[PDB]
Amino acid sequence: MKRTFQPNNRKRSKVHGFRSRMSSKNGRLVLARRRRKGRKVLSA
Amino acid sequence: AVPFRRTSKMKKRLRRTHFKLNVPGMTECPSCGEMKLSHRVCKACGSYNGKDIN
Amino acid sequence: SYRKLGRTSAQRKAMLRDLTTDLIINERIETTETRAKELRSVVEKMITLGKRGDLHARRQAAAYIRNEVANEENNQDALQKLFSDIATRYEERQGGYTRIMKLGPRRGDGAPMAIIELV
Amino acid sequence: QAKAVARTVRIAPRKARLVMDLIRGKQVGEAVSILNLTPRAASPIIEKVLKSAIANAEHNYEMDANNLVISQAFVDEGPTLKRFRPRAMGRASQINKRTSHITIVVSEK
RNA sequence: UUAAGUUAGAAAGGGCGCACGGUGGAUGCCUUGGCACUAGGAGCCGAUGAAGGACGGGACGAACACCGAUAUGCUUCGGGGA
RNA sequence: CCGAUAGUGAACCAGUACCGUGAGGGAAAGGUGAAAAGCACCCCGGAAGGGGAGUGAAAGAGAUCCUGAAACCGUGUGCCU
RNA sequence: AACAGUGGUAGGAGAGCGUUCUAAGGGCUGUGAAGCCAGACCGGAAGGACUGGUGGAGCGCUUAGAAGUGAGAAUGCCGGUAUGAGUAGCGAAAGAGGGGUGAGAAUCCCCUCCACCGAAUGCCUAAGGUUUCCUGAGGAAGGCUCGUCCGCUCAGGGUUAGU
RNA sequence: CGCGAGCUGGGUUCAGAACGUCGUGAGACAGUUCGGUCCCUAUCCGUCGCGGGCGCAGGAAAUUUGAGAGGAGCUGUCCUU
RNA sequence: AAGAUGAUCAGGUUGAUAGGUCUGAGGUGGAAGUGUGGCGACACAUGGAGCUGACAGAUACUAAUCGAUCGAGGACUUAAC
């Protein structure tokens, strides 16, 4: 039956996207550990 | 049913005895050969007692 | 006995009604082996109706021959080809209308192909 | 004496030991006719190796090619491909695409 | 010739020994890299828009590395000499 | 101190691939030769794949490309069934 | 030299063999080192040596010292290969015949008969997908089988808005 | 208390749900009641049928003998005497 | 007639083994077509008609062609011949 990635361009990009994680100070620590590790795909 | 203990390298080969395939019954065409099989029309010339049925 | 041929009892009728028509057009077919041996039992009944030529005899034969134009430029149906061509040739012969000649097996499935020719 | 080697044509070995065991000991006039009619569709892999082994003995040594006795015919499992094939309930079993090495050593009577 | 008898061999296939092979990468050596430290220098970049990245640039379309619509580069001052 | 199942996770286009909606988890993968001299030409083959020919010390060195073990898979077998 | 002893778990003591590296010199290597495979050789064992073959550049001995110092068992870890086994499975659901392509055809193309959905298996266009679209070649790999074929591989081409 | 890799779960003894009783309460009860995923492609030995070798002092075709192995092994009426 | 495949059994052109074709048996039960009665739906005649899967008996008309493979030379001690 129904599975959990019912794909959205909008809702993916608003919950998990960039400015949502430049928003809060706890959200920018997500953009610190995504930088000190040095990933390529910063927050999806 | 799950196989209780692995088959050794003897018993594995002992079921390969009758597993061998066999020869086809083969003769030659009296037109060309070589060779035909038994009672069925050859691919060689296609004659079969002896009409040249391609 | 008869042969089941892996087909339903209606699938066999659509099976055999095609192949008996294709002997009329082609004069020879390369079926599989037990599609050959099981076809001779029907055509030698179907050519037997050809020798009669009644208005009743043709209307038995239309249930095993379809509606397919056989010769171009004369517009003959395969029904017409029996009573015009085939029956004019077999007034000498009493049975054994289609001899079967076995060919070798087929590549992709190992199936024994077989050649049917009328005679 | 001559030698032809196949080297990594995709077939299983056990599906080619069976084609092979109507060859080891036979003759050139007794194997090319037999391999064409087994039918056992790993045959023309081998029949393009035996006939290539004879036309090695044709060109390279001229060993009177119609008078040859086939001496060695061993086949070894070559470099195995391995693929994962999915399965229900999250099993995801394996499919081992085997490969074999056909060697038909053809020699004089 | 018959009787009464004793033992060989046969191998569809297999067991062990040996010879020649094939998948397999492991012991060898060998590092391109890493790990600990020492002696010293450096210990900060950012609204004259940073660290970090997207789009891109080559006669060659991908990518790496360099670079920014002056884009596989531009001056100038030195080193360098085919 | 390590010598590629070690040493950083990364000697290799590694935080890559993949796995997760997402925070995150997170690999494997070294070596032709002294240099490409990387096999012109002939034969088989549709073509890979071989056999001769040359190349080099080696070609069994020819693309997982130095060494190549064992499990395994073979083929011949001397003796036993 | 005489006399006596000499099974053994948990455990205590003693003596040794191994491997890697460093330190003294001394000593083998292209006239072939290490490692590999063989073999009927020697000591109480752990273990050593020798000849052959492969291997193509490093290596042992003694004497001490340091230790990532020894493998059969962790439902250990990783990789490889078996067994089952040519076995279960090959993912609902009709094709058949002629021709063509090609080396090869049931599975590719064309034609002709037949058959199925037809308030869906039709079209149009969202959510998504990001070239899967078209042509021209291939065909190893993915296609649960072939395969000249493909939503596979390549090489080009491909989306036009004041409504 | 034969027999679930031969079957059925009707009860006991999974969670749900009630009733009496007990406990202050969570809940409890061999006190009762309605509902409640029974998985396995047979390796070996067995069992029951079918075959291929080989042997039976030369190869062959028929019919056999029987050491041995099983199967069958139950009885009620009625009438006469 | 046997049967999962092997096997068994009927047979391989001095042949009936199978299919067809005839003549039947059983089965269905009044074909089409034609004419007639009926405005018609239908009935009636030709006519136990027509149609028939393995069921029987004939018929070489078809397929069982060609051909190949396997298979003995009989150990020796003694007793009587």
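Method of determination, as annotated in the archive: cryo-EM, at 3.8 Å resolution.

Colleague: Looking at this structure, how should I read the protein's contact with RNA strand F?
Modeller: If you check the shell around RNA strand F, you find 35 residues, and the closest are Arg12(A), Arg34(A), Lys37(A), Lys12(B) and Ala6(D). Within the contact set of RNA strand F, a phosphate oxygen lies 3.1 Å away from a side-chain nitrogen or oxygen of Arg21(A). At 3.4 Å from a sugar or linking oxygen of RNA strand F is found a main-chain nitrogen or oxygen belonging to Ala55(D). Among the elements of the structure, α3 (25-36) of chain A, α1 (11-14) of chain B together with β1 (4-5), α3 (43-61) and β3 (75-77) of chain D are those that each provide at least two residues to the surface near RNA strand F. Among the elements that line the surface near RNA strand F, the one with the most residues is α3(D), at eight residues. Each residue belonging to the surface near RNA strand F can be placed in one class, and the counts come to 10 nonpolar, seven polar and 18 charged.

Colleague: Please clarify how the environment of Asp64(D) should be interpreted in this entry.
Modeller: All names here are of chain D. In this fold, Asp64 is placed in the loop between α3 and β2 (68-72). Residue class for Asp64 comes out partly exposed when judged on its relative accessible area of 46%. In sequence terms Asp64 and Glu77 are 13 residues apart; their C-alpha atoms lie 32 Å from each other. In this structure the side chain of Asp64 is engaged in a polar contact, spanning 2.6 Å, whose partner is the side chain of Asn67.

Colleague: How should the side chain of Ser107(D) be read in this particular structure?
Modeller: All names here are of chain D. Within the fold, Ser107 resides in strand β6 (residues 100-108). Look at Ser107 and you get buried, because its relative accessible area is 9%. Setting aside its immediate chain neighbours within four residues, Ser107 contacts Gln1, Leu68, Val69 and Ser71.

The rules behind these values
- Residues numbered from 1 in each chain as written, not as in the entry; some residues may be left out.
- Chains lettered and ligands numbered in written order.
- Part of a larger assembly, values for the part shown.
- Heavy atoms only, no water.
- Near = heavy atom within 4 Å.
- Polar contact = N/O pair within 3.5 Å; in protein donor to acceptor, adjacent residues only side chain to side chain.
- Helix = DSSP H or I, 4+ residues; strand = E, 2+ residues; numbered from the N terminus.
- Nonpolar A, V, L, I, M, F, W, Y, C, P; charged D, E, K, R; others polar.
- Buried < 20%, exposed > 50% of the residue type's maximum accessible area, 1.4 Å probe, protein only.
- Contact = heavy atoms within 4.5 Å.

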